[PDB]
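Chains, contacts and geometry: an overview
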Amino acid sequence: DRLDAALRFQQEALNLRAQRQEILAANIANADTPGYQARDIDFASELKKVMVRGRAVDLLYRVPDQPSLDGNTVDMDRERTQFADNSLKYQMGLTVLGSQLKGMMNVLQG
Amino acid sequence: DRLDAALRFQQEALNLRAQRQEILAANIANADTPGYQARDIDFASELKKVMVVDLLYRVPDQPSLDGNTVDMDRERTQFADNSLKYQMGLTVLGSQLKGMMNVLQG
Amino acid sequence: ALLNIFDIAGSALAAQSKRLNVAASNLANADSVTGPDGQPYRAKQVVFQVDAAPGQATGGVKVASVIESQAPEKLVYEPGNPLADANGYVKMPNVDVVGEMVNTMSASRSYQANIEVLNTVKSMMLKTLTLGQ
Amino acid sequence: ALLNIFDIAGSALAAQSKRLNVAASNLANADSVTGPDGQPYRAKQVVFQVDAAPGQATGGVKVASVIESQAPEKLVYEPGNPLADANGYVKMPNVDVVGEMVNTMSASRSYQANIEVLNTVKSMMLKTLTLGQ
Amino acid sequence: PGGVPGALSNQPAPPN
Amino acid sequence: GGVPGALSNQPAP
Amino acid sequence: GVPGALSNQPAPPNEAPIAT
Amino acid sequence: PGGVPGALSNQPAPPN
Amino acid sequence: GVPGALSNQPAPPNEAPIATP
Amino acid sequence: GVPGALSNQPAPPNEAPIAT
Amino acid sequence: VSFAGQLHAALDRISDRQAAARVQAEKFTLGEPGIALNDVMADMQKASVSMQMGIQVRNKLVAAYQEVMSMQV
Amino acid sequence: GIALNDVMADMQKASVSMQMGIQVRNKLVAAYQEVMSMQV
Amino acid sequence: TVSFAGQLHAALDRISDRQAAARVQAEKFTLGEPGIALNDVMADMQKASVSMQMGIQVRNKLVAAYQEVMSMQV
């Protein structure tokens with residue numbers, strides 16, 4: 001359907017941002033877990049794959065900054081910064097998708 | 001488009017405020033780099049140029065030993081002022097768009 | 001550029017920072033015998049002027065220059081020092097200790113007062129912009 | 001006649017902004033010693049009057065003039081500073097810091113109250129414009 | 001007749 | 001007039 | 001690579017020995 | 001997988 | 001000129017020697 | 001008069017002297 | 001002088017007020033001294049109120065014209 | 001000068017009076033056309 | 001040689017390219033491409049919304065005028 005195709009990008013990006021928020025929350029919750037390597041996903045490549053193939057993300061390890069004796073890779077400054085940025089981009093996606101839907105609704109309003 | 005001409009000034013002012021905000025935050029972040037010069041832009045001249053960017057060095061106040069000329073107080077005040085002016089530009093642009101909208105609604 | 005209150009309070013902060021820097025440099029060099037050239041350290045003073053941009057109405061604070069104090073340099077009889085004069089008195093700086101601590105305290109309290117003024121004004125600044133929307 | 005509230009509250013906002021600016025200028029120069037003319041900084045204060053032309057019942061507020069505060073100049077014994085008196089009595093401004101801080105807080109609060117007045121008045125004007133519709 | 005607002009006019013003034 | 005407001009652009013231009 | 005970038009391979013384990 | 005978080009896993013220990 | 005102004009020239013390096021050269 | 005009520009006559013100028 | 005003249009005068013007054021507020025706002029954004037944020041914000045408020053008044057007058061006027069044209073002769 | 005309170009109230013009053021005049025004239029015209037559409 | 005259908009097509013094109021430009025700018029800003037600013041994205045989206053409201057109001061006026069003309073009896 002065309003109504004799906006016109007709205008597909010922002011919906012898929014919003015879903016990916018929700019999944020990456022889940023991953024970042026898992027990284028923050030594991031901030032003191034020994035032997036835990038911080039995980040993330042590359043948003044741009046994953047979104048390009050989602051659009052090209054059609055709708056299982058590739059979890060890439062974050063490079064550590066400084067070594068810790070307990071084998072914990074989670075750097076909390078980078079995690080907090082990325083969490084805030086991801087939240088902001090999720091709000092952006094919500095606003096843009098709502099703008100598209102409200103534009104369609106105002107078009108239909110007689 | 002005539003719609004662009006009405007909103008050109010506020011959009012350019014908002015973009016220039018965002019760019020200068022980034023420059024000031026870069027000055028804050030690199031406060032401890034030895035040999036870093038504090039850079040800034042002259043808002044009015046660049047706004048003329050865009051409506052019709054080049055970075056200017058900040059005049060140092062106190063001589064440090066590591067060559068860093070970033071002053072905390074000056075750039076903190078400039079950062080707060082730029083935040084305030086960005087909010088004011090957002091307010092003015094939103095008011096203009098809302099007026100253009102209530103003209104049409106009916 | 002800056003709003004008038006921002007400029008005034010930021011100038012106050014910068015002036016207090018300069019005064020604190022002068023006090024700290026004096027307190028560091030309290031026991032210095034020589035400089036890089038062979039002359040005694042002289043206690044520095046900072047002079048506050050009012051930067052009255054309009055005619056006599058208001059204005060922040062500016063610092064014209066850092067002056068060198070004119071007080072009798074302390075004389076200590078050390079004839080063996082190469083910097084002793086014919087009579088043998090090496091010159092020690094005229095930095096008083098109590099005055100510099102009092103200056104540091106006063107500069108800190110003026111700095112904090114101006115910070116509080118900016119913090120107070122800030123809420124009113126942000127609340128002004130809600131008038132239109 | 002709700003439009004006159006715009007003028008009244010705008011005049012009040014401008015007057016309170018001027019008062020806050022004057023108070024901040026006094027506070028930032030509490031430690032000054034010199035002016036642009038060499039005179040000591042004199043603490044200044046605004047004068048508030050009813051902004052009513054002859055025959056007008058009640059108006060807003062207006063700043064008549066800025067006047068030097070009446071208080072003895074703070075004498076400091078420093079006959080080593082280049083600026084001094086015949087007996088070494090440096091004259092420093094008569095700024096009362098507590099008074100200036102309280103004035104700043106009061107000006108901010110009155111400013112915010114006037115902003116609320118303006119906001120609710122604009123809301124009422126819109127609702128009046130939606131009288132019969 | 002108005003006057004100076006705030007600190008100056010709310011502190012006990014001199015008699016004359 | 002003689003006194004610029006606190007919320008005005010730096011009198012110094 | 002960059003200290004905070006993304007890689008596809010886990011970081012090698014870090015151990016702190018008393019003596020080498 | 002993991003172990004004691006904090007004190008007991010952030011000190012130099014003999015191999016074992 | 002005034003501390004905090006804008007200029008098109010970087011400030012000279014801040015050297016502080018211990019002895020006179 | 002009851003505080004908060006309305007009267008047609010203005011209140012007298014108040015003063016706080018230091019010495020009677 | 002006439003009704004069309006009065007409507008043209010009202011439109012010119014409203015547009016002039018809006019342009020004055022916009023010009024003062026641009027001058028403040030420019031950094032020129034003497035322009036206070038208080039005056040800018042209050043003038044923008046007044047311009048918005050005047051625009052809304054003009055919109056309401058237009059709405060009614062159009063409604064009255066539609067009512068008159070609906071009369072059966 | 002005149003405030004929105006007076007402007008809006010008189011504006012509404014004029015709209016109401018104009019609508020009343022239109023309706024009364026429409027009734028009169030309909031009655032006249034019904035009379036003239038007769039058959040004698 | 002003026003063409004009312006041509007003028008309507010040109011206006012609809014203007015609106016559609018404005019909307020598509022705003023959409024592509026949002027596309028690139030979501031994808032993370034450098035050089036795109038959030039305030040510009042929002043401003044372009046709001047400009048597209050204003051343009052579409054322009055189009056909707058002109059449509060309403062034209063349809064009402066056509067219906068009133070075609071509801072007349074000769």
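Here is what the cut-offs are and how they apply
- Residues numbered from 1 in each chain as written, not as in the entry; some residues may be left out.
- Chains lettered and ligands numbered in written order.
- Part of a larger assembly, values for the part shown.
- Heavy atoms only, no water.
- UniProt positions renumbered as here; feature names shortened; annotations may be inferred.
- Helix = DSSP H or I, 4+ residues; strand = E, 2+ residues; numbered from the N terminus.
- Rg over C-alpha atoms; globule rule 2.2 N^0.38 Å.
- Buried < 20%, exposed > 50% of the residue type's maximum accessible area, 1.4 Å probe, protein only.
- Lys, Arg positive; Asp, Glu negative; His and termini not counted.
- Charge placed at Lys NZ, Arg CZ, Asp CG, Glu CD.
- Axes fitted to C-alpha atoms, helices over the stretch in contact; angles between N-to-C directions.
- Parallel < 35°, antiparallel > 145°, perpendicular 65-115°, else oblique.
- Contact = heavy atoms within 4.5 Å.
- Pairing = 2+ DSSP bridges.
- Buried area = accessible area lost by both parts, 1.4 Å probe.
- Salt bridge = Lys/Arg side-chain N within 4 Å of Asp/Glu carboxyl O.
- Polar contact = N/O pair within 3.5 Å; in protein donor to acceptor, adjacent residues only side chain to side chain.
- Nonpolar A, V, L, I, M, F, W, Y, C, P; charged D, E, K, R; others polar.
- Least-squares fit on C-alpha atoms.
- Expected span 1.5 Å × (residues − 1).
- Core = buried A, V, L, I, M, F, W, Y, C linked by side-chain atoms within 4.5 Å.
- Patch = residues over 30% accessible without salt bridge, like charges linked within 9 Å, V, L, I, M, F, W, Y side chains within 5 Å.
- Areas by Shrake-Rupley, 256 points an atom, 1.4 Å probe, with all protein chains shown as cover.
- Left-handed = near helix turned anticlockwise from the far one by under 90°.
- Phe/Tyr/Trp six-rings, centres within 6.5 Å; stacked < 30°, edge-to-face > 60°.
- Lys NZ or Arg CZ within 6 Å of the ring centre and 35° of its normal.

Per the PDB entry, chain M goes by the name Flagellar hook-basal body complex protein FliE. UniProt, in the comment section headed Sequence similarities, describes chain M in these words: "Belongs to the FliE family."

In the nomenclature of the PDB entry, chain B corresponds to Flagellar basal body rod protein FlgB. The record in UniProt for chain B states the following under Subcellular location: "Bacterial flagellum basal body". Here chain B is described in UniProt, under the heading Sequence similarities, as follows: "Belongs to the flagella basal body rod proteins family."

**As for the overall build of chain B**
When its secondary structure is counted, chain B shows 3 helices and 2 strands. Across chain B, helices and strands are ordered from the amino to the carboxyl terminus as α-β-α-β-α. Its C-alpha atoms give chain B a radius of gyration of 18 Å, clearly above 13 Å, the size a compact globule of 106 residues would have. With the principal axes as the frame, chain B shows a C-alpha extent of 65 × 25 × 15 Å. For chain B, the residues scored as buried account for 51% of the 106 residues in total. Once the 12 positive and 15 negative side-chain charges of chain B are each reduced to a mean point, those two points are 7 Å apart.

**Here we look at the packing of helix 2 (residues 97-129) of chain D against helix 2 (residues 37-69) of chain K**
Contact geometry for helix 2 of chain D and helix 2 of chain K: axes closest at 10 Å, N-to-C directions at 10°. Of the possible angle classes, the one that applies to helix 2 of chain D and helix 2 of chain K is roughly parallel. Of the residues in helix 2 of chain K, those in contact with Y111, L118, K122, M125, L126 and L129 of chain D of helix 2 of chain D are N38, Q45, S48, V49, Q52, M53 and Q56 of chain K.

**Description of the sheet that holds strand 2 (residues 56-58) of chain B**
If you walk across this open sheet you meet the 3 strands as 1(B)-2(B)-1(I), and the pairing is antiparallel. Bordering the open sheet on either side are strand 1 (39-40) of chain B together with strand 1 (6-7) of chain I, each of which pairs with just one other strand. Note that strand 1 of chain B and strand 2 of chain B share 2 bridges and pair antiparallel. Residue pairing for strand 2 of chain B: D40 of chain B is matched across the bridge by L56 of chain B.

**Regarding the interface of chain C and chain D**
Counting residues at the interface gives 33 residues for chain C and 30 residues for chain D. In total, chain C and chain D occlude about 2600 Å² of area from one another, counting both sides; carbon and sulfur atoms represent 62% of this. Counting across the chain C and chain D interface gives 0 salt bridges. Taken together, the connections running from chain C to chain D amount to 10 residue pairs in polar contact. Considering every element that reaches the side of chain C that touches chain D, the biggest residue donor is helix 2 (residues 97-128) of chain C, with 12 residues. Here the residues of the side of chain C that touches chain D are counted per class, giving 15 nonpolar, 16 polar and 2 charged.

**Considerations on unusual backbone geometry**
Non-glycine residue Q56 of chain C carries a positive phi angle of around 55°. In this structure, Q56 of chain C sits in the loop between strand 1 (44-51) and strand 2 (60-68). We classify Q56 of chain C as exposed; its relative accessible area is 60%. Positive phi values are uncommon outside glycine, yet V40 of chain L reaches one of about 60°.

**Remarks on the relation of the copies chain C and chain D**
It takes a turn of 37° to lay chain C on chain D, together with a shift of 22 Å along the axis; the resulting RMSD is 1.9 Å. Comparing interface residues between copies, only 3% of those in chain C also sit at the interface in chain D, which points to a heterologous contact through distinct surfaces.

**Looking at the sheet that holds strand 2 (residues 60-62) of chain A**
Sheets are built from strands that pair by backbone hydrogen bonding, the pairs being arranged parallel or antiparallel. Read across the open sheet, the 3 strands follow the order 1(A)-2(A)-1(G); overall the sheet is antiparallel. The open sheet terminates on both sides in strands that have one partner only, identified here as strand 1 (39-40) of chain A together with strand 1 (6-7) of chain G. Where strand 2 of chain A and strand 1 of chain G come together, 2 bridges link them in antiparallel fashion. Paired with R62 of chain A across the strands is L6 of chain G, a residue of strand 1 of chain G.

**So, the arrangement of the chains**
Looking across the 20 pairs of chains in contact, one finds the most contacts between chains C and D. One finds no contact between chain B and chain G; the C-alpha atoms of the two approach each other to within 17 Å at their closest. Chain G shows no contact with chain L. Their nearest C-alpha atoms sit 62 Å apart.

**Description of the environment of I5 of chain C**
Mapped onto the elements of the fold, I5 of chain C is located in helix 1 (residues 4-28). A relative accessible area of 0% places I5 of chain C in the buried class. C-alpha separation for the pair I5 of chain C and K74 of chain C, spaced 69 residues apart in sequence, amounts to 44 Å. Those residues in contact with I5 of chain C, other than ones at most four positions away along the chain, are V117, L118, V121 and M125 of chain C, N21 and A24 of chain D together with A6 and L7 of chain F.

**Quick notes on helix 1 (residues 3-30) of chain K**
An α-helical turn contains 3.6 residues, so a residue and the one three or four places further along point in the same direction. Residues and elements named next belong to chain K. The terminal C-alpha atoms of helix 1 lie 40 Å apart, and with 28 residues this matches the ideal 40 Å at 1.5 Å per residue to within 8%. Considered for burial, the residues of helix 1 that qualify are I14, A21, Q24, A25, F28, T29 and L30. In the stretch just after helix 1, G31 is the one whose phi turns positive, near 95°.

**A word on the pattern of salt bridges**
Considering all chains together, one arrives at 17 salt bridges over all chains under this definition. Linking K49 of chain B and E46 of chain B is a salt bridge whose minimum nitrogen-to-oxygen distance equals 3.4 Å. Separated by 3 residues within a single helix, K49 of chain B and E46 of chain B lie in helix 2 (residues 43-51), roughly one turn from each other. For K49 of chain B, a relative accessible area of 52% translates into the label exposed. Between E27 of chain M and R23 of chain M there is a salt bridge, with the nearest N and O atoms lying 3.4 Å from each other.

**Brief notes about the nonpolar core**
In this structure, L3, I5 and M125 of chain C together with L7 of chain F are the most contacted members of the largest nonpolar core, which totals 44 residues. At the level of secondary structure, the elements contributing two or more residues to this core comprise helix 3 (72-104) of chain B, helix 1 and helix 2 of chain C, helix 1 (4-28) and helix 2 of chain D, helix 1 and helix 2 of chain K together with helix 1 (4-36) of chain L. In this structure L3 of chain C touches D81, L84 and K85 of chain B, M125 of chain C, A6, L7, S8 and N9 of chain F together with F28 of chain K, once residues within four positions along its chain are discounted.

**Here we look at a nonpolar patch on the surface**
All names here are of chain C. Residues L27, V97, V98, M101 and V102 make up a contiguous nonpolar surface patch of roughly 450 Å² in combined accessible area. Of the residues forming the nonpolar patch, the biggest block, 4 residues, is contributed by helix 2. Here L27 shows up in helix 1. The exposure class of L27 is partly exposed, given its relative accessible area of 30%.

**With respect to the packing of helix 1 of chain D against helix 2 of chain D**
Residues and elements named next belong to chain D. It is at 9 Å that the axes of helix 1 and helix 2 come closest, and there the two elements cross at 160°. The orientation of helix 1 with respect to helix 2, classified from their angle, is roughly antiparallel. As for how helix 1 packs across helix 2, the hand of that crossing is left-handed. Partitioning the contact of helix 1 with helix 2 into residue classes produces 16 nonpolar, 8 polar and 3 charged.

**Some remarks on the packing of aromatic side chains**
One pass over the structure, following the stated rule, counts 2 aromatic pairs over all chains. Ring geometry for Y77 of chain D and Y89 of chain D: centres 6.0 Å apart, planes at 55°, overall tilted. Highlighted residues: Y77 of chain D in strand 3 (residues 74-77) and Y89 of chain D in strand 4 (residues 89-92), separated in sequence by 12 residues. Judged by its relative accessible area of 37%, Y89 of chain D falls in the partly exposed class. Sitting above the plane of the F43 of chain A ring, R17 of chain A keeps its charged end 3.5 Å from the centroid.

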